[PDB]
Structure formats: structure tokens, C-alpha cells
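Engineer: Numbering (the deposited numbering), first residue to last: 0 to 132.
Note that beta-carbon positions come from the ideal geometry of N, C-alpha and C, so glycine has one too.
Below are the C-alpha cells for one structure; questions will follow.
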Ligand SMILES: O=C(O)C(F)(F)C(F)(F)C(F)(F)C(F)(F)C(F)(F)C(F)(F)C(F)(F)C(F)(F)F
């Protein structure tokens, strides 16, 4: 059910990312670098285990998880969160919880592009990724 998300994806559009980062308390200097970074996201599957890599000239992350099973995560901005990823309406929904706060990272395929919607507080960011061959 996750299979159309798998592969290597490159950032090609970003809307409201500074709002999202600011809502999370990211400092201005980090926001400035991040606003000019174009990550590569790699999503791979081995049986029930997904691995999601995010690579850039600034911050690099990797998580592995089973759909529907909570996992500990340390985010790129150093938040220590409780996470769960699940398919919902064909979208890959990643929920992070910490300190009573939540943020969602929702991935949906639209016309072959991967649209990542990031919500925290009132901030809603949309990032578009295109598949690499
Ligand atoms: O995958 C993406 O496109 C993505 F990198 F934007 C992300 F992973 F979704 C993200 F969650 F938004 C995030 F990692 F960029 C963050 F949460 F904004 C962040 F950690 F705060 C950061 F911007 F990376 C910071 F530099 F502050 F550390």
C-alpha cells in the first residue's frame, strides 16, 4: 500500500516553510539556511520496515519504522518526539508528539509529485517533491 511513495525524491517547491520552522522555535540563522536547501528524500521498504532518509548540504536525518507502530525520533531541529506513521486515505501520515505538542507531516501523491504538508500550531507548509529516475 506504500509502494508509490518509494524511491528518491527532490524538493522542487516550498511554501510557508519559514512559518512552520518559526512555529517550532527554530532560530533565524537555521531558518535562513534551511530556506535555501533542497533536500533529497529517499523512501525504501524491506518487508514491513520503512526507512526514510532526508539528505541535504545542511541537515541529514534517517528514520526506520513499521506502519502503525510508535517509534522514538530525534528530529533535525533536535526535538525528542514519539512518532507514528500510518496510511490514511492513501496518504502517508507522520504524527510527532512531544511536550503535549503535535505536528503532522502528511505525504500525498498528486499527478506523480509527492506533496508534503507540514502543520504545527496554525502554520501550514506545503513542500513539493519530484521523483528521481
Ligand atoms: O522533509 C522536509 O522537507 C523537511 F525537512 F522540511 C522536514 F523534515 F519535513 C521538516 F520536518 F520540516 C524539518 F526537518 F525540516 C524541520 F522540522 F522543519 C526542521 F527540523 F525544523 C528543520 F528545518 F530541518 C531545521 F533545520 F530546523 F532543523
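What does the Cβ neighbour count give for residue 64, buried or exposed, with the cut at 16 atoms within 10 Å?
Structural biologist: Residue 64 is buried by the Cβ-count criterion.
Engineer: Please name the residue or residues paired with residue 6 in a DSSP beta bridge.
Structural biologist: In the DSSP output, where bridge partners are listed per residue, residue 6 has 42.
Engineer: Taking the alpha carbon of residue 87 as the reference point, which residue from 71, 74, 66 has its own alpha carbon closest?
Structural biologist: The option with the nearest alpha carbon to residue 87 is 66.
Engineer: For residue 75, which of helix, strand or coil comes out of DSSP?
Structural biologist: It is coil, neither helix nor strand.
Engineer: Beta-carbon separation of residue 11 and residue 107 under 8 Å?
Structural biologist: Their beta carbons are not under 8 Å apart, which means residue 11 does not touch residue 107 by this criterion.
Engineer: For residue 90, which residues in the same chain have their Cβ closer than 8 Å to its Cβ, ignoring the five residues on either side in sequence?
Structural biologist: So the qualifying residues of the chain are 105, 106, 107.
Engineer: Could you tell me if residue 33 is buried or exposed, where buried requires 16 or more neighbouring beta carbons within 10 angstroms of its beta carbon?
Structural biologist: Classification for residue 33: buried.
Engineer: Quick check on the DSSP output: the beta strand (DSSP E) that includes residue 64 runs from which residue to which?
Structural biologist: That run of the beta strand (DSSP E) goes 60–65.
Engineer: Assuming residue 82 contacts residue 95 under a Cβ cut-off of 8 Å, what Cβ separation, rounded to an integer in Å, is found between them?
Structural biologist: Confirmed, about 5 Å.
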